[PDB]
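Asker: Make a model of this:
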Amino acid sequence: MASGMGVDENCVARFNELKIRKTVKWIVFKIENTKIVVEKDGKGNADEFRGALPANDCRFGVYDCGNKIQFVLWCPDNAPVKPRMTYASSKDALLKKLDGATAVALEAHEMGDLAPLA
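Answerer: Numbering: from 1, shown residues only. Sure, the structure comes next:
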């Protein structure tokens, strides 16, 4: 349920360690139950998340690149579209607030999430 969501400032706070230090990162938060909170965040994003994410379920991770910033959502093959809707819908509330980043999101139904992005 994306309606009436509340966002924790920690999700946005990661951007001050991100943008100021100019070290690129990827943080993964969970959007359901009308709460936005991260379950994991790591430095070494492209290499780290390939082995750090055996998620099985869908979660929402934001990863920055030089060319663009895509909000990454891997779809759950073992889960329905109902939890899936929450992420793709509420991601605007994140995007609109945290950076001037790109309004495009990355949807993965293949192994793209844990695949070699870089």
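
Asker: and the most centrally placed residue in the chain, what element?
Answerer: Centroid-nearest residue in the chain: residue 61, 1.6 Å away (criterion: CA atoms, centre = their mean). Mapping residue 61 onto the secondary structure by DSSP states H and E places it in strand 60-64.

Asker: what's downstream of that strand, the next helix or strand?
Answerer: strand 69-74.

Asker: What strands line up against that following strand, and which way round?
Answerer: Its sheet considered, strand 69-74 pairs with strand 60-64 (antiparallel), strand 105-108 (parallel) by DSSP bridges.

Asker: any chance of those in TSV, with distance to residue 82 too?
Answerer: Heads up, the C-betas are built off the backbone N, CA and C, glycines and all. Conversion of those to TSV gives the following (distance: least, CB to CB, whole Å):
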stretch	distance to residue 82
strand 60-64	15
strand 105-108	16
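
Asker: Pick the most deeply packed of those.
Answerer: A comparison of the strands paired with strand 69-74 by mean neighbour count, using mean count of other CB atoms under 10 Å, puts strand 60-64 on top with a mean of 23.

Asker: Pull the distance from that strand to the chain's centre.
Answerer: Between the centre of strand 60-64 and the centre of its host chain there is 4 Å, according to CA atoms, centre = their mean, to the nearest Å.

Asker: wait, isn't the residue nearest to the centre of the chain in contact with residue 72?
Answerer: Yes - at 4.6 Å, residue 61 counts as touching residue 72 under the criterion of CB atoms under 8 Å.
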